[PDB]
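The form deposited in one PDB entry is given below as one chain in structure tokens.
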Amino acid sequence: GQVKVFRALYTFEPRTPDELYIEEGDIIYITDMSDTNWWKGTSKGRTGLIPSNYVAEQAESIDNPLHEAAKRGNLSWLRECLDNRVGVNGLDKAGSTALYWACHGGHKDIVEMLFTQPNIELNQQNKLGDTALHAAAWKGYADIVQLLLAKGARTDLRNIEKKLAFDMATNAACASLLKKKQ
């Protein structure tokens, strides 16, 4: 089963010892949804049981928690998402990955962190045909471009306007990193 993420809107006090305690605003990671009434989840490092009904009514489904953490420069939450086995290669409504957003925003920590994850897809293209590397070049982040290249990002992929990551760069250091040696 795939992990689903929520935010607690209200507080839940456990009635048994196997039940999970959750405060308003806390983030909940649901790992097992097989039972009708009782879900298994993690919240603030602890693992317990939580009624599907509390989740449906007093909590809030977050569709792309990893993407969201990346966009906002939230290293901690991203780290928490990854520790709770949220998929690194999940695509948002625009076809972008968490890596795409972290590069798009120039967050070196978040980028380097996603790099330590198994199976991280560097070359995913979104609906507009952009890779993470297109975005880092466009936005002029030379260090992110370097890091993408070092990790082996593809430089041959073309977006919907037929433009390479190179054709996106206007910053001189990015342009230089992405042109072919002679």
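Throughout, rigid core stands for the largest set of C-alpha atoms superposing within 1.5 Å between the two forms. Start at 1 and count along the sequence shown; that's the residue number.
One more form of this protein, deposited in another entry, exists but is not displayed; see below.
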When the rigid core of both forms is overlaid, which of 32, 121, 143, 63 is the one whose C-alpha moves 2 angstroms or more between this form and the one not shown? 32
Inspect the rigid-core superposition and answer whether the C-alpha of residue 164 shifts by 2 angstroms or more between this form and the one not shown. no
Did residue 153 shift 2 Å or more between this form and the one not shown, C-alpha, core superposed: no
Has the Cα of residue 22 moved 2 Å or more between this form and the one not shown, judged after a core fit? yes
